[PDB]
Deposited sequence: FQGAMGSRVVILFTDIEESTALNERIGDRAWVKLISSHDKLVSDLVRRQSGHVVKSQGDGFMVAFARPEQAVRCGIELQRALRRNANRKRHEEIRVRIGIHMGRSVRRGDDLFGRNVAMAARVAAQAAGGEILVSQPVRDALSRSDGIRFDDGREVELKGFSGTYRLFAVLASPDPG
């Protein structure tokens, strides 16, 4: 049930406080610019922005390498811009159900919680994504850390992407 897909979630760290700080006029411009940045970078990695969930986006890729490369590029771009917003990025892969312009299923929820575990400026991936990229000549991960994810039983090991 469901087609295999790689799901990437983004989320701006403390976006409400930011909005309150800079005001709605500045916020609308900021988020408009951010939307364009993400959309552009996703299309460069042949991804698809499924929808804008909260202060971020749900993005679908066919291959985990594309998702990680996208996340790496986004974090680089946001760092360049600051010279400020920090974004969390989470990536998970598995089967999920398509419904119009949306994806449903436990693996969508899992991807969202992986992103929620990430610090601002960090890209976290689930164990299946890390394992799928175990032999990448360019992508590098840390040793991972164990967490429990809301709504799920057991423990999960999440891995941070180490970019050059």
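Mapping the modelled residues onto the deposited sequence reveals missing stretches at 1-4, 88-92, 174-177.
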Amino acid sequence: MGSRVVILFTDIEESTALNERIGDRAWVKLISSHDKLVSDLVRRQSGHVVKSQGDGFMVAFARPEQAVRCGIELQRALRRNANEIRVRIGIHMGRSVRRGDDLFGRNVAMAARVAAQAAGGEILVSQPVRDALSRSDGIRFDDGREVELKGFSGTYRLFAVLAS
From here on, numbers count along this sequence of modelled residues.
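Averaged over CA atoms, B-factors in the entry run higher in 64-72 than in the other of 64-72 and 108-116. In this entry, the higher average B-factor at the C-alpha atoms falls on 132-140, of the pair 132-140 and 38-46. For the set 127, 53, 33, 96, the PDB entry puts the maximum C-alpha B factor at 53.
Among the modelled residues of the chain, residue 86 sits in the middle third by CA temperature factor in this PDB entry. Among the modelled residues of its chain, residue 163 has a C-alpha B-factor that falls in the highest third, as given in the PDB entry.
Annotation for residue 8: C-alpha temperature factor in the lowest third relative to the rest of the modelled chain, per the entry.
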